[PDB]
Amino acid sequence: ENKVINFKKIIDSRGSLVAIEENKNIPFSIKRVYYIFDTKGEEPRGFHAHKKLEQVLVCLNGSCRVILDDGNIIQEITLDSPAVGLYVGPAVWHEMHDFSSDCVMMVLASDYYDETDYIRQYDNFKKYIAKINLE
């Protein structure tokens, strides 16, 4: 509804195509595109929140299980369709689990990588969330 994006998909005799356009079918300007591949092991990814960064996760091949925690409710979704994007706004703790061996996870981000824009401690995230609330 608010976080799951169903992109329009073109299908023809040659295959399938999806086009994501900044500020068109995604709410922000794209500054970075990163992707995860050649995955292995049973240790997950993520476990942090951002203060300003906006992202849209898309599973281009295989599947992956994503968890979002906005400090109020926890949501979970299994991404396994390239036509499905998951919006991860600022102030949202997130985690990525169960990457299939053939998984390819693509992320569209509103800004360049920035080590300082991370909240890696859950309690801190929680605190952070509390403060924002007050305001």
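Counting begins at 1, following the sequence as shown.
Trainee: If you average the CA temperature factors over each stretch, which comes out higher, 68 to 76 or 98 to 106?
Mentor: Higher mean C-alpha B-factor: 68 to 76.
Trainee: Which of the two stretches, 59 to 67 or 46 to 54, shows the higher mean Cα temperature factor in the record?
Mentor: Averaged over C-alpha atoms, the B-factors run higher in 46 to 54.
Trainee: According to the PDB entry, is the CA B factor of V33 in the bottom, middle or top third of its chain, that is, lowest, middle or highest?
Mentor: For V33, the deposited C-alpha B-factor lands in the lowest third.
Trainee: Going by the CA temperature factor in the PDB record, which third of the chain does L86 belong to: lowest, middle or highest?
Mentor: Within its chain, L86 is a lowest-third residue by C-alpha B-factor, going by the deposited values.
Trainee: What third of the chain does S16 rank in for C-alpha temperature factor, lowest, middle or highest?
Mentor: Its C-alpha B-factor belongs to the middle third of this chain's values.
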